[PDB]
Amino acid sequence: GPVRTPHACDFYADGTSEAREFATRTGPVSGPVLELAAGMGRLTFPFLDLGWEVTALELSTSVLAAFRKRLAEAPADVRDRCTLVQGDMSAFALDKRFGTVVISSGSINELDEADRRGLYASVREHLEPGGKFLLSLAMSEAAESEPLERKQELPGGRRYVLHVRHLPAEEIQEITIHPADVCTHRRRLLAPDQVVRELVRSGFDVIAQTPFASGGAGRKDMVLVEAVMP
């Protein structure tokens, strides 16, 4: 069913800039790239334009058909560089390994906690040694802000100072679309720091976290996370 918000029928771009941010933090890419939950190629087409060879993994049959149709419209050199694969980013086996594994924010926020461990484990099995796992992650106002530290003085007779902070971990992005004269959606919104803690917990060293602007200009509303297997 639909979500009845406080101000309420449910609600259900260009990846050139986001794609380039990925290309900056990989450097030179010897070998094919695995993109997880590729959708209809919002990022995959920009990746192919960088000359990459991409294996694009997507769960939906319907979304795959849209992707395949788009590929048929592309020049032969583009299409020839894209291998489409039906699969589940939280649990896949292609038997092959890759120098680079890529996932966008819209995709990782699709997975709950247990499914994310599925994802992390699967990526470990598909990275060649010295391989790079790259993630973009949306960063909310709360996730970017320094947490407000609270102080309290407390006795017993021995006096103590208690400091408390609250670190962002997960929010819900709630939407209400409106004819200005009733559409609705709640989605998960992980703090990049949360995903990074999860990455470390699951085996990775996180070597860089670079904020960037998704649309290539203005406020930096995303983070590129580079993770590697030690």
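All residue numbers are counted from 1 along the displayed sequence.
Modelled in this chain, residue 97 is likewise resolved in all the other entries of the protein that span it on both sides, not missing from even a third of them. In the other compared entries of this protein that model both flanking residues, residue 181 lacks coordinates in at least a third of them. Coordinates are absent for 4 to 9 residues of the deposited sequence placed between residue 181 and residue 182.
Per the record, residue 8 and residue 9 are separated by 10 or more deposited residues that have no coordinates.
As listed in the deposited structure, the average C-alpha B-factor of 91-99 and of 113-121 is greater for 91-99. Comparing the deposited coordinates for 82-90 and 147-155, the stretch with the larger average C-alpha B-factor is 147-155. Among 194, 61, 44, 176, the highest C-alpha B-factor recorded in the PDB entry belongs to 176. Among the modelled residues of the chain, residue 25 sits in the highest third by CA temperature factor in this PDB entry.
Ranked by C-alpha B-factor against the other modelled residues of its chain, residue 223 falls in the lowest third. Annotation for residue 127: CA B-factor lies in the highest third of the chain's modelled residues. When the modelled residues of the chain are ordered by their C-alpha B factor, residue 73 lands in the middle third. Remark: residue 49 belongs to the highest third of its chain, ranked by C-alpha B-factor as recorded.
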